[PDB]
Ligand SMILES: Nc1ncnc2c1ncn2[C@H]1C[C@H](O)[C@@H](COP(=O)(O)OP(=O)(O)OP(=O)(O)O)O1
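Shown here is one chain on its own, the form deposited without this ligand, set out as structure tokens.
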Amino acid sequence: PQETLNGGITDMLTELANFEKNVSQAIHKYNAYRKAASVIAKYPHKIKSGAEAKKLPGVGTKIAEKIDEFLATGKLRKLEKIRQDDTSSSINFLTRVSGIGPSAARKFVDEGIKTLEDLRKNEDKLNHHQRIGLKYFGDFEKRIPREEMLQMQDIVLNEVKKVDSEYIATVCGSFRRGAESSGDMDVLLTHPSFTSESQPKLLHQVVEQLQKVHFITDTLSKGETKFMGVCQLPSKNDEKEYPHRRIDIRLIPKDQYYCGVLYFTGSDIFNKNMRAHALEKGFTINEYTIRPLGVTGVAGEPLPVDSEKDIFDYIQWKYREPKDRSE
């Protein structure tokens, strides 16, 4: 169900969502508007009343009232006020810079720092992440066509095998589910030498190689298990340069690896289904492990996992191929 069906409603709710996150600083209000918005974008009919949307899980009284207002007037008074408040607009715009959240956005705007230009004048007042966010402002809001993702995977997988045959690297996220575009690149890495009860150089080695073939161009944050940064596919000496992309690389213990892959491959709703079914099948699944659930609810010791299917086997589920994991 595309835009023509309920696009005016879900944009209204999304815009309210962003307002509560970035301005009011009310992340649960933001997540409720997101919840309401996503369930309506599923709904396969044009909504003719707020009461009809109220049937849906996540749409409640106040949103149905807003839905009645928008259906009747074509606008939402509350949102029209927000759009005309210059502080609300500047603060919302600034959070679009990676590294600038509601707190920094409001601080900036309170001292008359409102535009990309203003930030440029005051790079002294930015931390490193935020300067990278400013530098790539437009690039970071572009999507990544799957054919580019496949290229990026080739580069990462081959450079990783180059450092050690024994690494395991998986690109996860919507990409692994067959998605046609990606917002970023999320890479799950492990090595059989690194377990839950056992190096400080295992992630760094891979980040180094990737810098040396000039794939990674910037670092937003790097520790011993999580790397966050920027990359770029190589351009033809003769052709327009590809846009810089966001890449994360996560190093995970080998015995928690396939739970990590299962988790970061998702989707979020599928995760909720698989955990729900597993709970009432006597197991609890989190990011790291699957554990048996006792008759009183006491989780036992983690179960050996040697593949994703191992997790489906434990909970008596037919392997759901990543492309079929939309719910």
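Numbers follow the displayed sequence, beginning with 1. The term rigid core refers to the maximal set of C-alpha atoms that superpose within 1.5 Å between the two forms.
Per-stretch RMS Cα distance to the displayed form in 7 other deposited structures of this protein, following rigid core alignment, is highest for 303-311 when 303-311 and 8-16 are compared. With every structure aligned by its rigid core, 78-86 is the stretch of 126-134 and 78-86 whose CA positions lie farther away in 7 other deposited structures of this protein.
Of the other compared PDB entries of this protein that include residues on both sides, at least a third leave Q199 without atoms. Per the record, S165 and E166 are directly connected, with no deposited-sequence residue omitted between them.
On average the C-alpha atoms of 43-51 have higher B-factors than those of the other stretch, with 65-73 and 43-51 being the two compared. Of the two segments, 291-299 and 22-30, the one listed with the higher mean B-factor is 291-299 (C-alpha atoms only). Looking at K78, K125, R250, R246, the one whose CA carries the top B-factor in the deposited record is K125. When all modelled residues of the chain are sorted by CA temperature factor, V160 is found within the highest third. Annotation for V206: C-alpha temperature factor in the lowest third relative to the rest of the modelled chain, per the entry.
For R83, the recorded CA temperature factor ranks within the middle third of the chain's modelled residues. Placement of the Cα temperature factor of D184 within the chain: lowest third of the modelled residues, per the deposited record. Looking at the C-alpha B-factors along this chain, the one for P102 belongs to the lowest third.
The same protein has a further form, the form solved in complex with this ligand, not shown here; the description that follows concerns it.
This chain lacks the partner; the member of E159, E148, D186, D218 within 4.5 angstroms of this ligand in the entry with it bound by a non-hydrogen atom is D186. Contact with this ligand in the entry with it bound, defined as a heavy atom within 4.5 Å, holds for exactly one of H244, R177, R106, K135, namely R177. Although the partner is absent here, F70 lies well away from this ligand in the entry with it bound, with no heavy atom inside 4.5 Å. Remark: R143 counts among the residues lining this ligand in the entry with it bound, judged by a heavy atom distance of 4.5 Å or less.
At a distance threshold of 4.5 angstroms between non-hydrogen atoms, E301 is out of contact with this ligand in the entry with it bound. Under a 4.5 angstroms non-hydrogen atom cutoff, this ligand in the entry with it bound lacks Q153 among its neighbouring residues.
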